[PDB]
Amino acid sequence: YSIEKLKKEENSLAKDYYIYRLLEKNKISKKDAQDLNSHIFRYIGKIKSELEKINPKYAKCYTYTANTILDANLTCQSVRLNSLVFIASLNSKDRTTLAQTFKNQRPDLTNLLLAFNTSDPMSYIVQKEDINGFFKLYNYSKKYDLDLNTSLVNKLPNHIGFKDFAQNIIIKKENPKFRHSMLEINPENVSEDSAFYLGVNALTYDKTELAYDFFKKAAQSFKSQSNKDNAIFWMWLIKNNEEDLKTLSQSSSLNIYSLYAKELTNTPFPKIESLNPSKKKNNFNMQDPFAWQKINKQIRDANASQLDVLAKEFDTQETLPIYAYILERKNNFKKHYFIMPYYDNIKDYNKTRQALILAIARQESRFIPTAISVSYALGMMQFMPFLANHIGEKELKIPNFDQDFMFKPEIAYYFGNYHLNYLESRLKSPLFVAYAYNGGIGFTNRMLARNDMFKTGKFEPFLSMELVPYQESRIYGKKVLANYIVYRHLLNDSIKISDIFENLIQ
């Protein structure tokens, strides 16, 4: 589509995507580009960069430099010193004068100014127990590491940056002195994700009673049933209390931990809804990405009555993904929908391969054929354009191939099969295939080559699943693995969950 036609659509990821495609080919002119920021839905990343190839209150403050900062007025000094890179570029003469100037009004700035006079700014800030400075320095450089006392570490969780700081250094196995120091955080001082990660940290040093206390505090504070189940599972792995396994087995959340608990207690498999519309198709275009962005907003805004009307409108085989998306919401996410749309395209693969394709598709797109992610992964199977083109143009040599072919379910399922087959041939387990599908086989190979990941051990393979070093893939693998178990069950191709976990140990 030309830019002027595209400008008439409502702002969305689909519109951004097509704006990006034009900017990619150098097909937008300067005149056209000028009003284009009001036409972008998410002005972040690749689209922001490609476009830029085409606060006056504080502007004067940016003429000053490291060499002239003391000539500036108090406001401008204050503004420039919000940058740690700038503070580090000063000399100690100027940092010491500015620290005096700002002592009473901006005491946290004063601390950093003086900190940067020393050879280790972090040690200086740690001595002060300046928590705000601690996180700014961590963001400045991940290289700082030192042993922290009990008083300091127990103040770190009262900052919004603690959760990602902890998660990051734990799952990446970085900053050993910080990590070891966090064994002294009192579980009363943490909750939710922070408590969970500290539980994971404690397990890596084999502090299992401490871990149990952290996981218990997570279980008591998490708002999502899925996260609560994950914490309860660790409570059970550590102390083996029958009531934890029982509670987990009765979860209405369908996830790997509730599923495994049901297997272990002989609890029946959860109820899965069965959708099979009588009508084959209607006039809605399931290959039109703009139409999906529009209807998605309509469904979000609908009350119960409006959802009933929409359900009737999309009650077809061709529109099944939208029908299921409507019913999820009408039932307030309390029912379990595991659809198998456009099934004629996968019916001749074996049932395990079907389950893996369905499991991936369900997590990626909820089967919406024109699904578009924030990084412009495309279609039901959420292929990145570079991969879709590689498979389509190089490997399969499809005549007149375009990346938008990924919006057609026959293509999405066929490419998904092709790529999953390559990943499986190298990784075996559906979990490892999932990690590699989302995060790339490069990161997955490097992770599995580690001597401390997915090898024999007391709490393995469950501990390794918590230490997958990229958050998105860590979560994605767990969700896809649950979906794979359910689809295998639905296809009468059930596998013992315990066998799946045993197959992860190398």
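So that there is no doubt, residue numbering starts at 1 and follows the sequence shown.
Coordinates are lacking for 4 to 9 deposited residues between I54 and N55. Set 110 to 118 against 390 to 398 and average the Cα temperature factors; 390 to 398 ends up higher. On average the C-alpha atoms of 68 to 76 have higher B-factors than those of the other stretch, with 68 to 76 and 96 to 104 being the two compared. Comparing C-alpha B-factors across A33, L463, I475, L481 in the deposited entry, the largest value falls on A33. For the set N82, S373, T316, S181, the PDB entry assigns the largest Cα B-factor to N82. The PDB entry assigns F454 a C-alpha temperature factor belonging to the middle third of its chain's modelled residues. Sort the modelled residues of the chain by CA B factor and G442 lands in the middle third. Among the modelled residues of its chain, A14 has a C-alpha B-factor that falls in the lowest third, as given in the PDB entry. Sorting the modelled residues of the chain by their CA temperature factor places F333 in the highest third. Per the PDB record, residue ranking by Cα B-factor puts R362 in the lowest third of the chain.
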